[PDB]
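Novice: One structure, pasted below without further comment.
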Amino acid sequence: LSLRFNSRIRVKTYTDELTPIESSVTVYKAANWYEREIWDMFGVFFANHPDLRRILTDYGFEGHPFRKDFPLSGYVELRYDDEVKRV
Amino acid sequence: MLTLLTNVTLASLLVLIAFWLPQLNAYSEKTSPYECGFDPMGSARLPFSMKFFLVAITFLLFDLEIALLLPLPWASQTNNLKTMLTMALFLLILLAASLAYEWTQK
Amino acid sequence: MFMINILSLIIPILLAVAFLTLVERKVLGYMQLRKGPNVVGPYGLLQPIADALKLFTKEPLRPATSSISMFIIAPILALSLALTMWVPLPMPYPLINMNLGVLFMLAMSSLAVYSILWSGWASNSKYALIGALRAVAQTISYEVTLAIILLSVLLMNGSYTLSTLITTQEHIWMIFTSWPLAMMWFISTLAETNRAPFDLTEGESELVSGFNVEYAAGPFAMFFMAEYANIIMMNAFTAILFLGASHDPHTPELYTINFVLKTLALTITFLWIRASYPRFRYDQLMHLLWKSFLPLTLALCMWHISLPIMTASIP
Amino acid sequence: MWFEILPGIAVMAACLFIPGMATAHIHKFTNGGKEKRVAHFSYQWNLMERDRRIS
Amino acid sequence: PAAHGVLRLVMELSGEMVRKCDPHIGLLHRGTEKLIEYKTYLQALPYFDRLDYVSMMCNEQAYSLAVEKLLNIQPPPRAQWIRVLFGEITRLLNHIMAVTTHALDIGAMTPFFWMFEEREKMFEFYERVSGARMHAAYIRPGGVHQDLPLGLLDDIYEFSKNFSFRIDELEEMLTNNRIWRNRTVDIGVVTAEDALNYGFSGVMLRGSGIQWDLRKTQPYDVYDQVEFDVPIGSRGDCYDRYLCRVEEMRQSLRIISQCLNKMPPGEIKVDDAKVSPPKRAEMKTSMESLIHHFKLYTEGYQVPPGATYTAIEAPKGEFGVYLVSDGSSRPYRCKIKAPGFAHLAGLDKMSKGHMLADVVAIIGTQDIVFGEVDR
Amino acid sequence: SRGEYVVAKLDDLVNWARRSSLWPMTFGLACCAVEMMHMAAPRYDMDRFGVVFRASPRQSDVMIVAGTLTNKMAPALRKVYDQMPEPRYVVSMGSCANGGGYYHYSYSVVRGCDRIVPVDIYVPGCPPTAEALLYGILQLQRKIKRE
Amino acid sequence: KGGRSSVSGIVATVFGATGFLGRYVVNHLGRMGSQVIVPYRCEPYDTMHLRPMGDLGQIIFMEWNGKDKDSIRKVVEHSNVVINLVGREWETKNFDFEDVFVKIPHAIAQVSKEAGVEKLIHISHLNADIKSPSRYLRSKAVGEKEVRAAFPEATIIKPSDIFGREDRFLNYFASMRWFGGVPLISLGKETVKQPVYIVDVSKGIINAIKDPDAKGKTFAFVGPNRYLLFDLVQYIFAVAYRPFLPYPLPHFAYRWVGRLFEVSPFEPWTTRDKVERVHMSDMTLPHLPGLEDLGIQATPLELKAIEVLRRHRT
Amino acid sequence: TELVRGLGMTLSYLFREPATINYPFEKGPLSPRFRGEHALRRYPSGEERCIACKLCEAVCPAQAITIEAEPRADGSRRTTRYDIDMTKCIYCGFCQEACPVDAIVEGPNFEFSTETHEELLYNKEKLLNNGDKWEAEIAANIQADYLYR
Ligand SMILES: NC(=O)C1=CN([C@@H]2O[C@H](COP(=O)(O)OP(=O)(O)OC[C@H]3O[C@@H](n4cnc5c(N)ncnc54)[C@H](OP(=O)(O)O)[C@@H]3O)[C@@H](O)[C@H]2O)C=CC1
Ligand code: SF4
Ligand code: SF4
Ligand code: SF4
């Protein structure tokens, strides 16, 4: 978004499952959270990013969601189990 | 001493009827310390601060001062107030003075 | 039969803290438009005992991490001193004629908060330790100014004995003489008792029920109860000390009939404070004191030292 | 409405009312209407010292 | 209680100062966008109420715009007047909730109860027109659902005339209450440019004095035809943001007047039956009506393939919908901008070295709602 | 003066006691937090029924579970449930956590609230109207009274 | 796949699961997703935590009484298998100590006959073999022999005290610290015992329903090592870290103690019956069908006592 | 000054009449359009309305509904096990809109909180019983509302 000329544009790219595209945090400033987002919602990696790590998930969990494949019901579930007294 | 004893025995009575009454099942993890859900990262250690003693000590040295202020009501009836009155003011000035010195040395 | 007199001092007051709780939810309710407790009463009246029964009936766990001895001894001390401070209080006739019981009121009040320190120390929890610590900060920070202004208002009654403080108020009331000190006494009672704007010990949203957390059923009831003991008690104290009344010895009861009004008139006000102001935060809480209250307490103090000489009006 | 607070508050008063009465009359009950006697100083106690023996 | 039920702000505090707050969102990531993809457009709409749930209408409006652009279709004007009207009542809802609970976090307690009476009277309106007290799936991609009942507008009038005393009395308990001032007046300032780098939105911008505002800037509805004063802040401290909240409440209260005074008769759903389901009296007595009814609910409408980013002035900030029709009746991807997300990202910069209570207040000036953050 | 008579009396006394002033703590996780608050809003005022929201489970008993649950969140929930004093209860609320409700099919939800804690009364809704909630808790008292 | 949603043919009826048994067995049923009909005698409240274990319609509490005949006809009425558990150690008044081990298993057995119940199963302590000390070994021997006489094809559990952290046993001697010392009749080899444990026993029971061969055979469940009682308690306070005081004692006085502590109206910490539970060692007979015959191998106590007793730790 | 001002303000709110309604004994205002418990309902003839066009299944976002129609012996279309589960239903009222014969209806009743999860999962018969309990009431709402539809 540009302010004084109040108008919006939308650049965009493409990426391999494995090629590490660089992080864009420095250029737009408020993109630190997003790098982490897309990293944990996808495989894609951003280079020169200070700290990719999981958000919007459980801890382990592993497989990225939003991979267009990957079942919405996922591969797992928690439940509390009295014999071990733990979820 | 009698009222002290009746008060303390009263309270202790409330304690004993507080524990030896519900008569139910304590067990582990129920008895684990509270930490807003998730378990503690470590037992309580060292919340260190100079900003504690830097003032709290000043508390202690004012409290010693007020300890000297207490005789005043009785001292007021002394036969020779002009001999007294300066001092009655004097300590207060220093009390203030002490504070003043702290006030502005940050 | 002095013992039955003591018992006669201790039962009615506990009843008073219970119904104090209920009044608290009531008035503090109507400030909020919403009615307070009501359905169980008929006028709510039966509530507090149902409440206390709900507590004591409920299981009071002994925490695994806590050392147990301190953890138990603290509540005991809380109710202990909360009640013990009541003894030398002229209504009109003190249960005890201490030569200097005011100073004793300060003594009890000063050992009070120490129980808070243990309450948060043995509780072992992070919130317990942090909240307890800041608690002790605000408390002491207010006891110094507390005791000084109480001194300055006591230079003129004559002496530390309490009954005389009636005699010295056979007309004008102390308050017209030195109200600003009455303000600072009021607020210092508003913080020492750990109340509305000076809210930190409970912490509440700031620290999820503060020091008091790990205590479960009964001990919690004890800290809660003792807290209200101190609130009504400093209120009564202010009442006798800044608001005099007519006293015919032949009909002492008349005086008491007046006195409970004049003190209740104070306690309600705390509640009507509670409904009104956001809490200070631990910086400003101590800022206004050390920076702002205190110097006036001193200047007023020298002033009150100096009136009796200039006015030749020594008590 | 707000007047309905009163049953809650009056119960307070009476409770607090009790000690103030209960002590003041017990004194008269024990002292025979003499309305107790303070003894802040050694001398006044000396008057209660001279007393009791005199009766 | 200050963590709003779903925050885990672990932090390495010193003696009592914070050294760095470390937010961990996702504690309520219900997983929305994956679900949306499997459900047709009309069946996706409720998720949006389930988003910024305090501000339930404006989200719906954001979506219905987001589709109408793809669908190239324009609501009959009356519908636009409702859409703005409830857009504004909702503006008041979020501001009430924001200023209030932000006060409750710092212990004011009372103003809360004084206001939720009113807020309940507003839910009487969602109650009345939508049939639900909240989460009123009422705004439609085609315009609006059922028409609103005749007995309503005077009722809104009677309330709106008297609300101002209430907001005013609130302001008497707060704005002068210098205790409240001292607690929130030097925190937590953000540089006006530095806001822009982090992409702060709505009030978090105006607090630092920058002029920008989407209703004046890139108006989307009858905002062309309403007149109201945007309240710029100055210092960028929580206090200015607060005054912005209040003043924007008053201004919305100005909008309600104008919308009440120019509320044209006409239809409310779009005529295009291919997108808007037929009225019941009609579908039960003519063939095409029943068929388009049937297909609108079975398969649902198709959208031309395409992509877009709409954004509107949701009370917390601009609310942003990026979606891509594949041409099928199930939208392919529907990334949802959450204004709160950026804010909460900017928080730790905004809150270094501040006292631990102040970080609690400053979470509140961020007026964040985690349901929106976790999407 | 049968012992059973006295037992009936004490039964009435403690069960009436506990049922007369229960003290909810609340996971107002999702969006059914707000409806909870309208129970405590003046117009319905939960407090007149004696119930009062007090934080910190150790000082509270019954637990409301408003709003959608999620995976990462669950263990904290089990923690809090364990740290409550007996006689603890809970209350599932809304279509939220009765069983995932709207979000029944996602990787992060944990279906019902039932699958981590032993729920008492259910209060179906989405959100339940605060009043339907009120009927909920009164029903809870009419269940304690049978204890 | 076996799982929480999985069906299985089981329709077990587990009396008295309210105690240390059989929340574990109901669990391992529950991970299978197998239906259960646990019926409560007590109060709903204590039963409440049983609820999660199931999957919506699975677990089904039913009101019953062990004394009414038809009351037990209720919960068996569609059960494919029924599994008795009932047994209070310290003799309640209204349930005289005998019927608990006699009548109830009896009605269970013959009703198991009439309802054509596919399998019946029952528990009795290894020392149930008749002995002058303790009326429980004998009364349980009587109901053992009775159900065997009434439902002969029933397999019968013989577990010499399962080991669990909650356990009413290990926790008990852990809690003997509270009085001061630990009452040993004469220390050392005065008696010697073994523990089956909670999970191993549970897995074994359900495996026993999983075993076609486990018909009328009387299964018995024994700990891997023959721990001496003195060194055992030594290990107890070795893990509880509490001070350890052996407390040698003439045998009669301990029974004077048990008679002293049976007095309490509630649930006494100790009883003369338990006093006879104390000093009598388990028999070492292995030839009976048992735990390993099921194919399950016992989990050693040595790695598992810690979790069991950490709550006692200072 | 302002302190005592605000304090005087809450004094002023003490004297206003309390807003609380006396629930249960009084109950809050609602609307004809309000949504609550579901209930299939009959023709005045006494015949049931539902005809298993099954699109109630096809439009519910939570997909709470499950239907399994089989022919009547008469040969009329009917359900065999219409069912629904309040555990997943979100009370959005799409079903209320969707039905061509206006069979299922989102009933005015809003209170049916219950002890056990298995009760939530309504069977067809349950819905009919709800339709029997309330029919004058529901027909009243729809009578008061349909013109706006
Ligand atoms: N280590 C061990 O504990 C060993 C145990 N065993 C045997 O296996 C069985 C399982 O042991 P465990 O579960 O720990 O014992 P518990 O006491 O824990 O289980 C017995 C349960 O059955 C209930 N019950 C039984 N009969 C009645 C009745 N007539 N009225 C009311 N309630 C009744 C009890 O009370 P309620 O349900 O009413 O609360 C209790 O809940 C026991 O019978 C025991 O003899 C064998 C070897 C070792
Ligand atoms: S109930 Fe309605 S609001 Fe509460 S979570 Fe489920 S959907 Fe969101
Ligand atoms: S619409 Fe109503 S009636 Fe027609 S099928 Fe779906 S449910 Fe049965
Ligand atoms: S209630 Fe709303 S959500 Fe549940 S089925 Fe009927 S329409 Fe679909």
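All of the numbers you see were taken from the coordinates with simple rules; none came from a lab. FYI the Cβ positions are ideal-geometry reconstructions off the backbone, even for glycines, and counts take in every protein chain you see.
Novice: Could you tell me which of the pairs A:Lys85/H:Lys88; E:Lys39/E:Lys121; E:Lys121/E:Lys269; G:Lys74/G:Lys145; A:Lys29/E:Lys352 are separated by over 22 angstrom between their Cα atoms in the structure shown?
Specialist: From A:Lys85/H:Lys88; E:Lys39/E:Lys121; E:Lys121/E:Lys269; G:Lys74/G:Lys145; A:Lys29/E:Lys352, over 22 Å: A:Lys85/H:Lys88; E:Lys39/E:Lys121; E:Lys121/E:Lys269; G:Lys74/G:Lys145.
Novice: Now a separate question. Rounded to whole Å, give me the distance from the Cα center of segment B:36-106 to that of segment A:30-78.
Specialist: 57
Novice: Just going by the charge dipole of chain G, with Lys and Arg at +1 and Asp and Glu at -1 on Cβ, which of G:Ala107, G:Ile157, G:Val201 is farthest out on the positive end?
Specialist: Checking the options against the dipole of chain G, the answer is G:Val201.
Novice: Can you sort E:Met11, A:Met41 by how many other beta carbons sit within 10 Å, fewest first?
Specialist: Ascending number of Cβ neighbours within 10 Å: E:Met11, A:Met41.
Novice: What are the residues whose amide H is under 5 Å from the amide H of E:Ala108, where those residues sit 5 or more places off or on another chain and H is modelled from the backbone?
Specialist: C:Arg279
Novice: Kirkwood-based Rg over Rh for segment C:12-124 (C-alpha set), two decimals?
Specialist: On the Cα set of segment C:12-124, Rg over Rh gives 1.06.
Novice: Next question. So, with +1 on the Cβ of K and R and -1 on the Cβ of D and E, and no other charges, what is the size of the charge dipole of chain C about its Cα centre, to the nearest 20 debye?
Specialist: 560
Novice: So what is the orientation-averaged projected area of chain D, using the convex hull of its C-alpha atoms, in nm²?
Specialist: Average of the hull's projected areas for chain D equals 5.5 nm².
Novice: Need one value for C:86-99: mean number of C-beta atoms belonging to other chains within 10 Å of its residues' C-beta atoms.
Specialist: Partner-chain Cβ atoms within 10 Å, mean over residues of C:86-99: 4.
Novice: How would you rank C:210-223, C:46-59, highest first, on the average number of other Cβ atoms within 10 Å across their residues?
Specialist: C:210-223, C:46-59
Novice: Okay, moving on. Using a 10 Å cut-off around each Cβ, can you sort C:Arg195, G:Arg41 from fewest to most neighbouring Cβ atoms?
Specialist: With the fewest neighbours first, C:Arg195, G:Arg41 line up as G:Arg41, C:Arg195.
Novice: When the Kirkwood hydrodynamic radius is evaluated over all pairs of different C-alpha atoms of chain E, what value in angstrom, to one decimal, is obtained?
Specialist: With all distinct Cα pairs of chain E included, I get 21.7 Å.
Novice: Would you kindly derive the ³J(HN,Hα) couplings of segment A:40-52 from the backbone phi angles with the Karplus curve 6.51 cos²θ - 1.76 cosθ + 1.60 (θ = phi - 60°), listing them in order in whole Hz, with x for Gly and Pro?
Specialist: 9, 10, 7, x, 5, 10, 10, 6, 6, 9, x, 6, 6
Novice: If amide H atoms are built 1.01 Å from N in the plane of the peptide, which residues on other chains or at least 5 residues away come under 5 Å of the amide H of H:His38?
Specialist: Residues meeting the amide H criterion: H:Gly107.
Novice: Another question, if that's okay. Which entries of B:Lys51/B:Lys106; E:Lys161/E:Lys262; F:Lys143/G:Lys103 have Cα-Cα distances beyond 22 Å here?
Specialist: F:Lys143/G:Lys103
Novice: Give me the distance between the Cα centres of segment C:236-315 and segment E:267-304, rounded to whole Å.
Specialist: Distance between centres, Cα-based: 76 Å.
Novice: Another question about this same structure. Mind putting together the pair-distance distribution for chain G? All Cα pairs, 20 Å bins, whole percent per bin, short to long.
Specialist: 31, 59, 9
Novice: With no solvent and one point on each alpha carbon, what is the Debye value of log10 I(q)/I(0) for the protein assembly as shown at q = 0.05, 0.07, 0.08, 0.09 Å⁻¹?
Specialist: Debye intensities relative to I(0), on a log10 scale: -0.49, -0.95, -1.18, -1.38.
Novice: Follow-up. If you place +1 on the Cβ of every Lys and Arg and -1 on the Cβ of every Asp and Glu, how big does the dipole about the Cα centre of segment H:60-106 come out, in debye to the nearest 20?
Specialist: About 120 debye.
Novice: Over all residues in E:31-42, what is the mean tally of Cβ atoms on other chains that come within 10 Å of each residue's Cβ?
Specialist: That works out to 5 on average.
Novice: Between C:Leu103 and B:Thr83, what is the label-to-label distance in nm when each label sits 7 Å out along the Cα-to-Cβ direction?
Specialist: 2.2
Novice: Kirkwood hydrodynamic radius (Cα pairs, Å) of segment E:66-157?
Specialist: After inverting the mean inverse Cα-Cα distance, the result is 14.8 Å.
Novice: Return the whole-Å distance between the Cα centroid of segment E:225-247 and the Cα centroid of segment G:204-270.
Specialist: When both Cα centres are located, 73 Å separates them.
Novice: Next question, about the same structure. For chain C, what is one quarter of the convex hull surface built on the Cα atoms, given in nm²?
Specialist: 17.8
Novice: Same structure again: Taking H placed 1.01 Å from N in the peptide plane, check which residues at least 5 places from H:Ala69 or on another chain put their amide H under 5 Å from its amide H.
Specialist: Under 5 Å from the amide H of H:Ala69: H:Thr80.
Novice: Which of D:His40, A:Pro20, H:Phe25 sits farthest toward the positive end of the charge dipole of the protein assembly as shown, with +1 on the Cβ of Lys and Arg and -1 on the Cβ of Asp and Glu?
Specialist: Looking along the dipole axis, the top candidate is D:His40.
Novice: Across segment G:153-293, how many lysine pairs separated by 8 or more positions, or lying on different chains, have Cα atoms within less than 24 Å?
Specialist: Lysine pair count for segment G:153-293: 13.
Novice: Looking at B:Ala11, B:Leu46, B:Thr31, which one has the Cα that reaches farthest to the positive end of the dipole of segment B:1-105 (charges on Cβ: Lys, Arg +1; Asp, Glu -1)?
Specialist: Result: B:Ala11, furthest along the dipole toward the positive end.
Novice: What are the ³J(HN,Hα) values, in whole Hz, obtained from phi via the Karplus relation 6.51 cos²θ - 1.76 cosθ + 1.60 with θ = phi - 60°, for each residue of segment D:31-48 in sequence order, with x given for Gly and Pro?
Specialist: Computed from phi, the couplings for segment D:31-48 are 8, x, x, 6, 6, 6, 8, 6, 9, 4, 10, 4, 5, 5, 5, 5, 5, 6 Hz.
Novice: Taking Cα pairs under 8 Å and at least six residues apart, what relative contact order does chain E come out at, in percent?
Specialist: Computed over chain E, the figure is 27 percent.
Novice: Test of understanding: express the Cα radius of gyration of segment C:134-263 as a ratio to 2.2 N^0.38 Å, with N the residue count.
Specialist: Scaled against compact globular proteins, the figure is 1.24.
Novice: Can you compute the FRET efficiency between C:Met1 and C:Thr269 using 1/(1 + (r/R0)^6), with r the Cβ-Cβ distance and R0 = 35 Å? Round to the nearest 0.05.
Specialist: Efficiency for this residue pair is about 0.40.
Novice: Now, a different point. Would you mind ranking G:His312, E:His102 by Cβ crowding within 10 Å, fewest neighbours first?
Specialist: If I rank by nearby Cβ atoms, fewest first, I get G:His312, E:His102.
Novice: Still on this structure: Give me a comma-separated list of calculated 3J(HN,Hα) values for segment C:69-74, in order, Karplus coefficients 6.51, -1.76, 1.60 applied at θ = phi - 60°, integers in Hz, x for any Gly or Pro.
Specialist: 5, 5, 5, 8, 5, 4
Novice: Does anything in segment E:8-40 have its amide N under 12 Å from the 7 Å Cα→Cβ label point of E:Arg333, and if so which residues?
Specialist: No residue qualifies, since no backbone N sits under 12 Å from the label point.
Novice: May I pose another question? Could you tell me what % of all Cα pairs in segment C:62-178 have separations over 23 Å?
Specialist: 45
Novice: Another question, if that's okay. I need two numbers for segment B:1-105: Rg to one decimal and Dmax as a whole number, Cα atoms only, in Å.
Specialist: Cα only, segment B:1-105: 25.8, 73 Å (Rg, Dmax).
Novice: State to the nearest 20 debye the size of the charge dipole of chain F about its Cα centre, where the only charges are +1 on K and R beta carbons and -1 on D and E beta carbons.
Specialist: 180
Novice: Then there is this: What does the helix-only formula give at 222 nm for chain A: each DSSP H stretch with n ≥ 4 adding -39500 (n - 2.57), the total divided by the residues, and the result rounded to the nearest 500 deg cm²/dmol?
Specialist: -4000 deg cm²/dmol
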